[PDB]
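J.: Provided below: start.cif, containing mmCIF, N, CA and C atoms.
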```cif
data_upload
#
loop_
_atom_site.group_PDB
_atom_site.id
_atom_site.type_symbol
_atom_site.label_atom_id
_atom_site.label_comp_id
_atom_site.auth_asym_id
_atom_site.auth_seq_id
_atom_site.Cartn_x
_atom_site.Cartn_y
_atom_site.Cartn_z
ATOM 1 N N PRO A 1 -30.373 -177.203 17.229
ATOM 2 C CA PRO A 1 -30.084 -178.379 16.396
ATOM 3 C C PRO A 1 -31.305 -179.247 16.097
ATOM 4 N N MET A 2 -31.116 -180.226 15.223
ATOM 5 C CA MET A 2 -32.201 -181.124 14.857
ATOM 6 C C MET A 2 -32.098 -182.442 15.614
ATOM 7 N N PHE A 3 -33.260 -182.960 16.006
ATOM 8 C CA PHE A 3 -33.394 -184.215 16.752
ATOM 9 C C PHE A 3 -34.549 -185.053 16.174
ATOM 10 N N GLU A 4 -34.432 -186.375 16.255
ATOM 11 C CA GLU A 4 -35.463 -187.283 15.767
ATOM 12 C C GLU A 4 -36.188 -188.009 16.917
ATOM 13 N N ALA A 5 -37.510 -188.105 16.830
ATOM 14 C CA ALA A 5 -38.267 -188.851 17.831
ATOM 15 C C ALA A 5 -37.947 -190.351 17.760
ATOM 16 N N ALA A 6 -37.582 -190.910 18.911
ATOM 17 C CA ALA A 6 -37.262 -192.325 19.062
ATOM 18 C C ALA A 6 -38.505 -193.152 19.444
ATOM 19 N N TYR A 7 -39.543 -192.460 19.924
ATOM 20 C CA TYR A 7 -40.790 -193.092 20.372
ATOM 21 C C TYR A 7 -41.960 -192.226 19.952
ATOM 22 N N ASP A 8 -43.120 -192.838 19.713
ATOM 23 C CA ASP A 8 -44.351 -192.086 19.491
ATOM 24 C C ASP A 8 -44.701 -191.260 20.740
ATOM 25 N N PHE A 9 -45.166 -190.034 20.518
ATOM 26 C CA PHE A 9 -45.625 -189.142 21.576
ATOM 27 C C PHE A 9 -46.952 -188.536 21.118
ATOM 28 N N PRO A 10 -48.083 -189.135 21.484
ATOM 29 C CA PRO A 10 -49.392 -188.617 21.060
ATOM 30 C C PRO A 10 -49.687 -187.161 21.464
ATOM 31 N N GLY A 11 -49.162 -186.701 22.598
ATOM 32 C CA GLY A 11 -49.318 -185.305 23.007
ATOM 33 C C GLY A 11 -50.741 -184.918 23.380
ATOM 34 N N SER A 12 -51.370 -185.766 24.193
ATOM 35 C CA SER A 12 -52.780 -185.632 24.543
ATOM 36 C C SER A 12 -52.996 -184.857 25.836
ATOM 37 N N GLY A 13 -51.908 -184.559 26.544
ATOM 38 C CA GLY A 13 -51.954 -183.843 27.811
ATOM 39 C C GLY A 13 -52.456 -182.406 27.746
ATOM 40 N N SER A 14 -52.030 -181.671 26.718
ATOM 41 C CA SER A 14 -52.481 -180.291 26.499
ATOM 42 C C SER A 14 -52.292 -179.851 25.046
ATOM 43 N N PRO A 15 -52.958 -178.765 24.647
ATOM 44 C CA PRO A 15 -52.823 -178.252 23.276
ATOM 45 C C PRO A 15 -51.459 -177.611 23.014
ATOM 46 N N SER A 16 -50.685 -177.393 24.076
ATOM 47 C CA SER A 16 -49.357 -176.800 23.994
ATOM 48 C C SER A 16 -48.277 -177.822 23.676
ATOM 49 N N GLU A 17 -48.658 -179.090 23.630
ATOM 50 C CA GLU A 17 -47.729 -180.165 23.326
ATOM 51 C C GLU A 17 -47.710 -180.383 21.817
ATOM 52 N N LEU A 18 -46.630 -180.985 21.331
ATOM 53 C CA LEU A 18 -46.406 -181.222 19.903
ATOM 54 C C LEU A 18 -46.402 -182.710 19.666
ATOM 55 N N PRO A 19 -47.453 -183.244 19.047
ATOM 56 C CA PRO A 19 -47.486 -184.681 18.750
ATOM 57 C C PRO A 19 -46.364 -185.085 17.792
ATOM 58 N N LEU A 20 -45.747 -186.227 18.068
ATOM 59 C CA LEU A 20 -44.722 -186.771 17.199
ATOM 60 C C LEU A 20 -44.945 -188.252 16.989
ATOM 61 N N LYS A 21 -44.651 -188.703 15.776
ATOM 62 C CA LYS A 21 -44.464 -190.103 15.472
ATOM 63 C C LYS A 21 -42.965 -190.400 15.506
ATOM 64 N N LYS A 22 -42.619 -191.618 15.897
ATOM 65 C CA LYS A 22 -41.250 -192.100 15.769
ATOM 66 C C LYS A 22 -40.792 -191.865 14.335
ATOM 67 N N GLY A 23 -39.614 -191.261 14.193
ATOM 68 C CA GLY A 23 -39.060 -190.923 12.895
ATOM 69 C C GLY A 23 -39.161 -189.447 12.538
ATOM 70 N N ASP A 24 -39.959 -188.680 13.279
ATOM 71 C CA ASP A 24 -40.098 -187.267 12.954
ATOM 72 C C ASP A 24 -38.877 -186.475 13.409
ATOM 73 N N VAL A 25 -38.220 -185.803 12.465
ATOM 74 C CA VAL A 25 -37.104 -184.893 12.746
ATOM 75 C C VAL A 25 -37.677 -183.478 12.933
ATOM 76 N N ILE A 26 -37.290 -182.825 14.033
ATOM 77 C CA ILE A 26 -37.734 -181.466 14.378
ATOM 78 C C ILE A 26 -36.552 -180.642 14.885
ATOM 79 N N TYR A 27 -36.733 -179.331 14.993
ATOM 80 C CA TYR A 27 -35.765 -178.460 15.677
ATOM 81 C C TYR A 27 -36.088 -178.443 17.167
ATOM 82 N N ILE A 28 -35.060 -178.460 18.013
ATOM 83 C CA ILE A 28 -35.225 -178.189 19.442
ATOM 84 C C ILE A 28 -34.403 -176.965 19.803
ATOM 85 N N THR A 29 -35.074 -176.006 20.438
ATOM 86 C CA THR A 29 -34.503 -174.708 20.779
ATOM 87 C C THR A 29 -34.151 -174.580 22.263
ATOM 88 N N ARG A 30 -34.904 -175.251 23.144
ATOM 89 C CA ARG A 30 -34.666 -175.185 24.603
ATOM 90 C C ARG A 30 -35.003 -176.511 25.281
ATOM 91 N N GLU A 31 -34.187 -176.931 26.248
ATOM 92 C CA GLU A 31 -34.510 -178.084 27.095
ATOM 93 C C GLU A 31 -34.610 -177.576 28.532
ATOM 94 N N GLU A 32 -35.724 -177.887 29.196
ATOM 95 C CA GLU A 32 -36.084 -177.284 30.485
ATOM 96 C C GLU A 32 -35.900 -178.265 31.634
ATOM 97 N N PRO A 33 -35.699 -177.751 32.856
ATOM 98 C CA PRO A 33 -35.594 -178.610 34.047
ATOM 99 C C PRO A 33 -36.872 -179.362 34.410
ATOM 100 N N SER A 34 -37.967 -179.086 33.711
ATOM 101 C CA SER A 34 -39.209 -179.837 33.867
ATOM 102 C C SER A 34 -39.178 -181.213 33.183
ATOM 103 N N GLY A 35 -38.192 -181.451 32.318
ATOM 104 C CA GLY A 35 -38.144 -182.664 31.513
ATOM 105 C C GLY A 35 -38.731 -182.484 30.118
ATOM 106 N N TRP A 36 -39.153 -181.260 29.793
ATOM 107 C CA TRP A 36 -39.750 -180.931 28.493
ATOM 108 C C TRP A 36 -38.814 -180.070 27.651
ATOM 109 N N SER A 37 -38.872 -180.283 26.334
ATOM 110 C CA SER A 37 -38.152 -179.489 25.325
ATOM 111 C C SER A 37 -39.149 -178.794 24.374
ATOM 112 N N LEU A 38 -38.788 -177.601 23.904
ATOM 113 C CA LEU A 38 -39.589 -176.861 22.936
ATOM 114 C C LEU A 38 -39.147 -177.199 21.510
ATOM 115 N N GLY A 39 -40.033 -177.842 20.752
ATOM 116 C CA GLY A 39 -39.739 -178.280 19.394
ATOM 117 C C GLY A 39 -40.547 -177.554 18.330
ATOM 118 N N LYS A 40 -40.044 -177.589 17.096
ATOM 119 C CA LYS A 40 -40.686 -176.965 15.944
ATOM 120 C C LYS A 40 -40.530 -177.856 14.708
ATOM 121 N N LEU A 41 -41.612 -178.042 13.953
ATOM 122 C CA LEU A 41 -41.563 -178.861 12.734
ATOM 123 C C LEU A 41 -40.685 -178.154 11.700
ATOM 124 N N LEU A 42 -40.004 -178.919 10.846
ATOM 125 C CA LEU A 42 -39.027 -178.342 9.918
ATOM 126 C C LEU A 42 -39.639 -177.338 8.925
ATOM 127 N N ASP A 43 -40.943 -177.444 8.672
ATOM 128 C CA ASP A 43 -41.618 -176.497 7.775
ATOM 129 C C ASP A 43 -42.178 -175.260 8.493
ATOM 130 N N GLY A 44 -41.921 -175.152 9.792
ATOM 131 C CA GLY A 44 -42.417 -174.044 10.589
ATOM 132 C C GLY A 44 -43.916 -174.003 10.846
ATOM 133 N N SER A 45 -44.636 -175.087 10.569
ATOM 134 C CA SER A 45 -46.100 -175.067 10.622
ATOM 135 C C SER A 45 -46.666 -175.254 12.034
ATOM 136 N N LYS A 46 -45.858 -175.801 12.935
ATOM 137 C CA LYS A 46 -46.284 -176.074 14.307
ATOM 138 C C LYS A 46 -45.094 -176.173 15.266
ATOM 139 N N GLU A 47 -45.309 -175.753 16.509
ATOM 140 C CA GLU A 47 -44.322 -175.929 17.561
ATOM 141 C C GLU A 47 -45.010 -176.234 18.883
ATOM 142 N N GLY A 48 -44.270 -176.836 19.808
ATOM 143 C CA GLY A 48 -44.847 -177.256 21.078
ATOM 144 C C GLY A 48 -43.920 -178.119 21.903
ATOM 145 N N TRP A 49 -44.383 -178.502 23.090
ATOM 146 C CA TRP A 49 -43.566 -179.263 24.034
ATOM 147 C C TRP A 49 -43.530 -180.767 23.750
ATOM 148 N N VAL A 50 -42.337 -181.341 23.854
ATOM 149 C CA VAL A 50 -42.120 -182.781 23.702
ATOM 150 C C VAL A 50 -41.215 -183.284 24.847
ATOM 151 N N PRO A 51 -41.296 -184.551 25.230
ATOM 152 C CA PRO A 51 -40.399 -185.055 26.277
ATOM 153 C C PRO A 51 -38.939 -185.113 25.796
ATOM 154 N N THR A 52 -38.051 -184.479 26.543
ATOM 155 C CA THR A 52 -36.638 -184.448 26.203
ATOM 156 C C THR A 52 -36.074 -185.854 26.010
ATOM 157 N N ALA A 53 -36.504 -186.767 26.871
ATOM 158 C CA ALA A 53 -35.996 -188.142 26.875
ATOM 159 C C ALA A 53 -36.339 -188.964 25.607
ATOM 160 N N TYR A 54 -37.299 -188.493 24.813
ATOM 161 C CA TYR A 54 -37.721 -189.172 23.577
ATOM 162 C C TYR A 54 -36.868 -188.805 22.360
ATOM 163 N N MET A 55 -36.037 -187.780 22.491
ATOM 164 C CA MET A 55 -35.382 -187.151 21.346
ATOM 165 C C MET A 55 -33.919 -187.549 21.215
ATOM 166 N N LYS A 56 -33.552 -188.046 20.037
ATOM 167 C CA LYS A 56 -32.190 -188.483 19.782
ATOM 168 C C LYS A 56 -31.514 -187.573 18.749
ATOM 169 N N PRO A 57 -30.215 -187.351 18.910
ATOM 170 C CA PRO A 57 -29.443 -186.535 17.961
ATOM 171 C C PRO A 57 -29.628 -186.965 16.504
ATOM 172 N N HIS A 58 -29.775 -185.996 15.600
ATOM 173 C CA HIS A 58 -29.945 -186.245 14.164
ATOM 174 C C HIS A 58 -28.876 -185.503 13.364
#
```
Once more with this new file: its structure as structure tokens, please.
T.:
Amino acid sequence: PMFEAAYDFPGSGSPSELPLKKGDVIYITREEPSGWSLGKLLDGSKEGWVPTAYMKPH
């Protein structure tokens, strides 16, 4: 399903993370027991880890 970022997430921890601005709608495919979710931009141009807690239903 699709989810929208509720908070900015610069994603500076690693290159495997997906930077988001508040307002960005993305696909989420998996939510992990680490507290991280795997997201993908709607145009398929990038994917990466985002904090599950930042993402609200869209």
J.: Please enumerate the residues selected by the PyMOL selection byres ((chain A and resi 28) around 5) when evaluated against the supplied file, formatted as a PyMOL selection string.
T.: chain A and resi 1+26-27+29-30+38-39
J.: Need the shell around residue 8 (chain A): protein/DNA/RNA residues with any atom at most 7 Å away, counting all atoms listed in the file. Skip same-chain ones fewer than 5 positions apart. Format as a VMD selection string?
T.: chain A and resid 20 to 23
J.: Selection from above, N, CA and C atoms, as an mmCIF file, keeping the file's coordinate frame, can you write it?
T.:
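Output contents, as saved in out.cif:
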```cif
data_model
loop_
_atom_site.group_PDB
_atom_site.id
_atom_site.type_symbol
_atom_site.label_atom_id
_atom_site.label_comp_id
_atom_site.auth_asym_id
_atom_site.auth_seq_id
_atom_site.Cartn_x
_atom_site.Cartn_y
_atom_site.Cartn_z
ATOM 1 N N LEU A 20 -45.747 -186.227 18.068
ATOM 2 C CA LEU A 20 -44.722 -186.771 17.199
ATOM 3 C C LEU A 20 -44.945 -188.252 16.989
ATOM 4 N N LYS A 21 -44.651 -188.703 15.776
ATOM 5 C CA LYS A 21 -44.464 -190.103 15.472
ATOM 6 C C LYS A 21 -42.965 -190.400 15.506
ATOM 7 N N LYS A 22 -42.619 -191.618 15.897
ATOM 8 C CA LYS A 22 -41.250 -192.100 15.769
ATOM 9 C C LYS A 22 -40.792 -191.865 14.335
ATOM 10 N N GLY A 23 -39.614 -191.261 14.193
ATOM 11 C CA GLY A 23 -39.060 -190.923 12.895
ATOM 12 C C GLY A 23 -39.161 -189.447 12.538
#
```
J.: Please identify all polymer residues within 8 Å of residue 54 (chain A), counting all atoms listed in the file, omitting same-chain residues fewer than 5 positions from it, and present them as a ChimeraX atom specification.
T.: /A:3-8
J.: From chain A, collect each residue whose DSSP state is strand (DSSP E) and return the set as a list in words.
T.: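 So, restricting chain A to strand (DSSP E), we get residues 2, 3, 4, 5, 25, 26, 27, 28, 29, 30, 31, 36, 37, 38, 39, 40, 41, 47, 48, 49, 50, 51, 55, 56 and 57 of chain A.
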J.: Generate the output file for the selected residues, N, CA and C atoms, as a tab-separated table (two decimals), in the frame of the given file.
T.:
```tsv
chain	number	residue	atom	x	y	z
A	2	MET	N	-31.12	-180.23	15.22
A	2	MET	CA	-32.20	-181.12	14.86
A	2	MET	C	-32.10	-182.44	15.61
A	3	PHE	N	-33.26	-182.96	16.01
A	3	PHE	CA	-33.39	-184.22	16.75
A	3	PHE	C	-34.55	-185.05	16.17
A	4	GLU	N	-34.43	-186.38	16.26
A	4	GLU	CA	-35.46	-187.28	15.77
A	4	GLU	C	-36.19	-188.01	16.92
A	5	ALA	N	-37.51	-188.10	16.83
A	5	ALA	CA	-38.27	-188.85	17.83
A	5	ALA	C	-37.95	-190.35	17.76
A	25	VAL	N	-38.22	-185.80	12.46
A	25	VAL	CA	-37.10	-184.89	12.75
A	25	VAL	C	-37.68	-183.48	12.93
A	26	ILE	N	-37.29	-182.82	14.03
A	26	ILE	CA	-37.73	-181.47	14.38
A	26	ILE	C	-36.55	-180.64	14.88
A	27	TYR	N	-36.73	-179.33	14.99
A	27	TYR	CA	-35.76	-178.46	15.68
A	27	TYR	C	-36.09	-178.44	17.17
A	28	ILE	N	-35.06	-178.46	18.01
A	28	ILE	CA	-35.22	-178.19	19.44
A	28	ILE	C	-34.40	-176.96	19.80
A	29	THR	N	-35.07	-176.01	20.44
A	29	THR	CA	-34.50	-174.71	20.78
A	29	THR	C	-34.15	-174.58	22.26
A	30	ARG	N	-34.90	-175.25	23.14
A	30	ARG	CA	-34.67	-175.18	24.60
A	30	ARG	C	-35.00	-176.51	25.28
A	31	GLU	N	-34.19	-176.93	26.25
A	31	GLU	CA	-34.51	-178.08	27.10
A	31	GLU	C	-34.61	-177.58	28.53
A	36	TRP	N	-39.15	-181.26	29.79
A	36	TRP	CA	-39.75	-180.93	28.49
A	36	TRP	C	-38.81	-180.07	27.65
A	37	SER	N	-38.87	-180.28	26.33
A	37	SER	CA	-38.15	-179.49	25.32
A	37	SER	C	-39.15	-178.79	24.37
A	38	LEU	N	-38.79	-177.60	23.90
A	38	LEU	CA	-39.59	-176.86	22.94
A	38	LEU	C	-39.15	-177.20	21.51
A	39	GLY	N	-40.03	-177.84	20.75
A	39	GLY	CA	-39.74	-178.28	19.39
A	39	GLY	C	-40.55	-177.55	18.33
A	40	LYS	N	-40.04	-177.59	17.10
A	40	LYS	CA	-40.69	-176.96	15.94
A	40	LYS	C	-40.53	-177.86	14.71
A	41	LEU	N	-41.61	-178.04	13.95
A	41	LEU	CA	-41.56	-178.86	12.73
A	41	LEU	C	-40.68	-178.15	11.70
A	47	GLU	N	-45.31	-175.75	16.51
A	47	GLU	CA	-44.32	-175.93	17.56
A	47	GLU	C	-45.01	-176.23	18.88
A	48	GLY	N	-44.27	-176.84	19.81
A	48	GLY	CA	-44.85	-177.26	21.08
A	48	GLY	C	-43.92	-178.12	21.90
A	49	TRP	N	-44.38	-178.50	23.09
A	49	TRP	CA	-43.57	-179.26	24.03
A	49	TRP	C	-43.53	-180.77	23.75
A	50	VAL	N	-42.34	-181.34	23.85
A	50	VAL	CA	-42.12	-182.78	23.70
A	50	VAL	C	-41.22	-183.28	24.85
A	51	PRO	N	-41.30	-184.55	25.23
A	51	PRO	CA	-40.40	-185.06	26.28
A	51	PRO	C	-38.94	-185.11	25.80
A	55	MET	N	-36.04	-187.78	22.49
A	55	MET	CA	-35.38	-187.15	21.35
A	55	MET	C	-33.92	-187.55	21.22
A	56	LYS	N	-33.55	-188.05	20.04
A	56	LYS	CA	-32.19	-188.48	19.78
A	56	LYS	C	-31.51	-187.57	18.75
A	57	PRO	N	-30.22	-187.35	18.91
A	57	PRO	CA	-29.44	-186.54	17.96
A	57	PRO	C	-29.63	-186.96	16.50
```
J.: Between atom N of residue 16 (chain A) and atom N of residue 57 (chain A), measure the distance and give it in Å to one decimal.
T.: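 Pair atom N of residue 16 (chain A) / atom N of residue 57 (chain A) returns 23.3 Å.
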J.: Identify, on the basis of only N, CA and C atoms, every residue whose closest approach to residue 51 (chain A) does not exceed 5 Å; exclude the query and any residue fewer than 4 positions from it along the same chain; express the result as a PyMOL selection string.
T.: chain A and resi 35-37
J.: May I ask for the distance between atom N of residue 25 (chain A) and atom C of residue 11 (chain A), given in Å to one decimal place?
T.: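 Atom-to-atom, atom N of residue 25 (chain A) to atom C of residue 11 (chain A), that is 16.6 Å.
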J.: What separation in Å, quoted to one decimal, exists between CA of residue 52 (chain A) and CA of residue 31 (chain A)?
T.: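 Separating CA of residue 52 (chain A) from CA of residue 31 (chain A) is a distance of 6.8 Å.
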J.: Kindly indicate which residue among A:2, A:41, A:55, A:50 lies nearest to residue 17 (chain A), using all atoms listed in the file for the distances.
T.: A:50
J.: Please write out, as AutoDock Vina command-line options, where the centre of an axis-aligned box around all listed atoms of region 38-44 of chain A lies and how long its edges are, in Å to one decimal, after adding 8 Å on each side.
T.:
```
--center_x -41.4 --center_y -176.5 --center_z 15.8 --size_x 21.1 --size_y 20.9 --size_z 32.1
```
J.: Go through A:58, A:33, A:48, A:53 and flag the residue nearest residue 18 (chain A), using only N, CA and C atoms for the distances.
T.: A:48
